[PDB]
>>> print(open('upload-v4.pdb').read())   # PDB, C-alpha atoms
ATOM      1  CA  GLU A 101      46.198 144.583 134.669  1.00  0.00           C
ATOM      2  CA  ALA A 102      46.307 141.026 133.304  1.00  0.00           C
ATOM      3  CA  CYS A 103      46.147 142.257 129.705  1.00  0.00           C
ATOM      4  CA  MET A 104      48.805 144.913 130.329  1.00  0.00           C
ATOM      5  CA  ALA A 105      51.182 142.427 131.966  1.00  0.00           C
ATOM      6  CA  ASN A 106      50.876 139.932 129.107  1.00  0.00           C
ATOM      7  CA  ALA A 107      51.214 142.661 126.468  1.00  0.00           C
ATOM      8  CA  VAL A 108      54.719 143.561 127.656  1.00  0.00           C
ATOM      9  CA  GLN A 109      55.742 139.898 127.860  1.00  0.00           C
ATOM     10  CA  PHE A 110      54.403 139.065 124.395  1.00  0.00           C
ATOM     11  CA  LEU A 111      55.803 142.143 122.639  1.00  0.00           C
ATOM     12  CA  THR A 112      59.341 141.705 123.979  1.00  0.00           C
ATOM     13  CA  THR A 113      59.590 138.033 122.971  1.00  0.00           C
ATOM     14  CA  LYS A 114      57.518 138.307 119.774  1.00  0.00           C
ATOM     15  CA  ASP A 115      60.538 138.751 117.491  1.00  0.00           C
ATOM     16  CA  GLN A 116      63.013 136.636 119.477  1.00  0.00           C
ATOM     17  CA  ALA A 117      61.166 133.388 118.738  1.00  0.00           C
ATOM     18  CA  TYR A 118      61.013 134.114 115.001  1.00  0.00           C
ATOM     19  CA  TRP A 119      64.749 134.713 114.599  1.00  0.00           C
ATOM     20  CA  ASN A 120      65.677 131.648 116.656  1.00  0.00           C
ATOM     21  CA  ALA A 121      63.677 129.550 114.190  1.00  0.00           C
ATOM     22  CA  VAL A 122      65.417 131.273 111.267  1.00  0.00           C
ATOM     23  CA  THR A 123      68.848 130.491 112.720  1.00  0.00           C
ATOM     24  CA  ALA A 124      67.922 126.819 113.125  1.00  0.00           C
ATOM     25  CA  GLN A 125      66.710 126.628 109.518  1.00  0.00           C
ATOM     26  CA  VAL A 126      69.963 128.085 108.176  1.00  0.00           C
ATOM     27  CA  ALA A 127      72.032 125.711 110.317  1.00  0.00           C
ATOM     28  CA  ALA A 128      70.047 122.743 108.990  1.00  0.00           C
ATOM     29  CA  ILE A 129      70.827 123.732 105.394  1.00  0.00           C
ATOM     30  CA  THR A 130      74.492 124.255 106.281  1.00  0.00           C
ATOM     31  CA  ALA A 131      74.621 120.878 108.033  1.00  0.00           C
ATOM     32  CA  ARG A 132      73.184 119.213 104.926  1.00  0.00           C
ATOM     33  CA  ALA A 133      75.940 120.791 102.829  1.00  0.00           C
ATOM     34  CA  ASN A 134      78.564 119.559 105.300  1.00  0.00           C
ATOM     35  CA  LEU A 135      77.083 116.056 105.010  1.00  0.00           C
ATOM     36  CA  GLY A 136      78.459 115.762 101.482  1.00  0.00           C
ATOM     37  CA  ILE A 137      81.915 116.677 102.770  1.00  0.00           C
ATOM     38  CA  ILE A 138      81.674 113.855 105.318  1.00  0.00           C
ATOM     39  CA  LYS A 139      80.991 111.322 102.560  1.00  0.00           C
ATOM     40  CA  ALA A 140      83.995 112.593 100.600  1.00  0.00           C
ATOM     41  CA  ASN A 141      86.180 112.396 103.711  1.00  0.00           C
ATOM     42  CA  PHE A 142      85.004 108.817 104.276  1.00  0.00           C
ATOM     43  CA  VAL A 143      86.648 107.738 101.019  1.00  0.00           C
ATOM     44  CA  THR A 144      89.746 109.745 101.962  1.00  0.00           C
ATOM     45  CA  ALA A 145      90.062 107.848 105.249  1.00  0.00           C
ATOM     46  CA  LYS A 146      89.923 104.523 103.400  1.00  0.00           C
ATOM     47  CA  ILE A 147      92.630 105.661 100.974  1.00  0.00           C
ATOM     48  CA  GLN A 148      94.837 106.974 103.790  1.00  0.00           C
ATOM     49  CA  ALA A 149      94.795 103.533 105.424  1.00  0.00           C
ATOM     50  CA  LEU A 150      96.303 102.033 102.266  1.00  0.00           C
TER      51      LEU A 150
ATOM     52  CA  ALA B 151      95.733 113.192  95.302  1.00  0.00           C
ATOM     53  CA  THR B 152      96.055 110.789  98.237  1.00  0.00           C
ATOM     54  CA  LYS B 153      95.349 107.838  95.935  1.00  0.00           C
ATOM     55  CA  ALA B 154      97.969 109.083  93.470  1.00  0.00           C
ATOM     56  CA  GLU B 155     100.459 109.504  96.319  1.00  0.00           C
ATOM     57  CA  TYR B 156      99.655 105.983  97.534  1.00  0.00           C
ATOM     58  CA  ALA B 157     100.571 104.577  94.116  1.00  0.00           C
ATOM     59  CA  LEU B 158     103.862 106.493  94.164  1.00  0.00           C
ATOM     60  CA  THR B 159     104.803 105.025  97.548  1.00  0.00           C
ATOM     61  CA  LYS B 160     103.716 101.551  96.427  1.00  0.00           C
ATOM     62  CA  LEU B 161     105.779 101.786  93.235  1.00  0.00           C
ATOM     63  CA  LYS B 162     108.807 103.041  95.188  1.00  0.00           C
ATOM     64  CA  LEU B 163     109.364  99.521  96.557  1.00  0.00           C
ATOM     65  CA  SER B 164     110.774  98.468  93.177  1.00  0.00           C
ATOM     66  CA  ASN B 165     113.631 100.982  93.355  1.00  0.00           C
ATOM     67  CA  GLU B 166     114.521  99.901  96.893  1.00  0.00           C
ATOM     68  CA  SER B 167     114.501  96.218  95.916  1.00  0.00           C
ATOM     69  CA  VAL B 168     116.837  96.653  92.942  1.00  0.00           C
ATOM     70  CA  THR B 169     119.084  98.886  95.063  1.00  0.00           C
ATOM     71  CA  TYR B 170     119.476  96.077  97.604  1.00  0.00           C
ATOM     72  CA  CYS B 171     120.344  93.598  94.850  1.00  0.00           C
ATOM     73  CA  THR B 172     122.759  96.101  93.299  1.00  0.00           C
ATOM     74  CA  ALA B 173     124.479  96.680  96.646  1.00  0.00           C
ATOM     75  CA  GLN B 174     124.572  92.933  97.322  1.00  0.00           C
ATOM     76  CA  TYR B 175     126.253  92.312  93.963  1.00  0.00           C
ATOM     77  CA  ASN B 176     128.864  94.994  94.671  1.00  0.00           C
ATOM     78  CA  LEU B 177     129.780  93.437  98.025  1.00  0.00           C
ATOM     79  CA  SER B 178     129.888  89.888  96.653  1.00  0.00           C
ATOM     80  CA  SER B 179     131.763  90.604  93.405  1.00  0.00           C
ATOM     81  CA  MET B 180     133.180  94.120  93.033  1.00  0.00           C
ATOM     82  CA  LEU B 181     134.791  94.561  96.456  1.00  0.00           C
ATOM     83  CA  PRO B 182     136.781  91.270  96.508  1.00  0.00           C
ATOM     84  CA  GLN B 183     137.965  91.915  92.945  1.00  0.00           C
ATOM     85  CA  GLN B 184     139.187  95.407  93.853  1.00  0.00           C
ATOM     86  CA  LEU B 185     141.168  93.924  96.748  1.00  0.00           C
ATOM     87  CA  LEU B 186     143.090  91.726  94.304  1.00  0.00           C
ATOM     88  CA  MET B 187     143.756  94.796  92.151  1.00  0.00           C
ATOM     89  CA  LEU B 188     145.194  96.708  95.111  1.00  0.00           C
ATOM     90  CA  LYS B 189     147.461  93.819  96.131  1.00  0.00           C
ATOM     91  CA  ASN B 190     149.055  93.635  92.678  1.00  0.00           C
ATOM     92  CA  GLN B 191     149.618  97.399  92.698  1.00  0.00           C
ATOM     93  CA  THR B 192     151.289  97.117  96.108  1.00  0.00           C
ATOM     94  CA  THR B 193     153.792  94.590  94.750  1.00  0.00           C
ATOM     95  CA  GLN B 194     154.544  96.815  91.747  1.00  0.00           C
ATOM     96  CA  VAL B 195     155.505  99.714  94.031  1.00  0.00           C
ATOM     97  CA  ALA B 196     158.143  97.571  95.747  1.00  0.00           C
ATOM     98  CA  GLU B 197     159.568  96.482  92.386  1.00  0.00           C
ATOM     99  CA  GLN B 198     159.797 100.100  91.229  1.00  0.00           C
ATOM    100  CA  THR B 199     161.540 100.849  94.527  1.00  0.00           C
ATOM    101  CA  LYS B 200     164.035  98.091  93.711  1.00  0.00           C
TER     102      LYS B 200
END
>>> encode(input="upload-v4.pdb", output="structure tokens")
Amino acid sequence: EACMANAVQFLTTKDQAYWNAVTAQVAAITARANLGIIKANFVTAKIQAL
Amino acid sequence: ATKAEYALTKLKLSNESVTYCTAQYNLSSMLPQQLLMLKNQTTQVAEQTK
């Protein structure tokens, strides 16, 4: 019964953990791309003050 | 584009400055001279009436 109980728990969540990691990886790449926009906007803020 | 627009606003001060000097000259010189012109015309109308 112990093996059967864990088999259902493992199988259901086996794929959920993988795709959560994939989503985090994509967000990290997207955040890095948005970092360049922040640097560009930093110069824009300085110009707007003038 | 913001930097270019900043230069345009900065350069616009020159037009406002010369406009103030132009208006000041008109009040100090042109307007009093026109008043003398109108007074002489007023006298001429009476003479033509005579």
>>> interface_residues(input="upload-v4.pdb", of="chain B", to="chain A", cutoff="10 Å", atoms="all atoms listed in the file", output="MDAnalysis selection string")
chainID B and resid 151:157 160
>>> write_last_selection(input="upload-v4.pdb", atoms="C-alpha atoms", output="PDB file, in the frame of the given file")
ATOM      1  CA  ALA B 151      95.733 113.192  95.302  1.00  0.00           C
ATOM      2  CA  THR B 152      96.055 110.789  98.237  1.00  0.00           C
ATOM      3  CA  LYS B 153      95.349 107.838  95.935  1.00  0.00           C
ATOM      4  CA  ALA B 154      97.969 109.083  93.470  1.00  0.00           C
ATOM      5  CA  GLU B 155     100.459 109.504  96.319  1.00  0.00           C
ATOM      6  CA  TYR B 156      99.655 105.983  97.534  1.00  0.00           C
ATOM      7  CA  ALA B 157     100.571 104.577  94.116  1.00  0.00           C
ATOM      8  CA  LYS B 160     103.716 101.551  96.427  1.00  0.00           C
TER       9      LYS B 160
END
>>> atom_distance(input="upload-v4.pdb", atom1="atom CA of residue B:171", atom2="atom CA of residue B:187")
23.6 Å
>>> atom_distance(input="upload-v4.pdb", atom1="atom CA of residue B:192", atom2="atom CA of residue B:175")
25.6 Å
>>> build_atoms(input="upload-v4.pdb", residues="stretch 125-136 of chain A", atoms="N, CA and C atoms", output="tab-separated table (two decimals), keeping the file's coordinate frame")
chain	number	residue	atom	x	y	z
A	125	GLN	N	66.91	127.02	110.91
A	125	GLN	CA	66.71	126.63	109.52
A	125	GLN	C	67.99	126.77	108.71
A	126	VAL	N	68.72	127.88	108.90
A	126	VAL	CA	69.96	128.08	108.18
A	126	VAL	C	71.00	127.04	108.57
A	127	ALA	N	71.08	126.72	109.86
A	127	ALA	CA	72.03	125.71	110.32
A	127	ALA	C	71.72	124.35	109.72
A	128	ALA	N	70.43	124.02	109.58
A	128	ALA	CA	70.05	122.74	108.99
A	128	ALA	C	70.51	122.65	107.54
A	129	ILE	N	70.35	123.73	106.78
A	129	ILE	CA	70.83	123.73	105.39
A	129	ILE	C	72.34	123.61	105.35
A	130	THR	N	73.04	124.34	106.23
A	130	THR	CA	74.49	124.26	106.28
A	130	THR	C	74.95	122.85	106.67
A	131	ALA	N	74.26	122.23	107.63
A	131	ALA	CA	74.62	120.88	108.03
A	131	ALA	C	74.44	119.89	106.89
A	132	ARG	N	73.38	120.07	106.09
A	132	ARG	CA	73.18	119.21	104.93
A	132	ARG	C	74.33	119.36	103.93
A	133	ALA	N	74.80	120.59	103.71
A	133	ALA	CA	75.94	120.79	102.83
A	133	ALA	C	77.19	120.11	103.38
A	134	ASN	N	77.41	120.22	104.69
A	134	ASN	CA	78.56	119.56	105.30
A	134	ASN	C	78.45	118.04	105.26
A	135	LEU	N	77.24	117.50	105.09
A	135	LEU	CA	77.08	116.06	105.01
A	135	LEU	C	77.80	115.49	103.79
A	136	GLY	N	77.74	116.21	102.66
A	136	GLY	CA	78.46	115.76	101.48
A	136	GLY	C	79.96	115.72	101.69
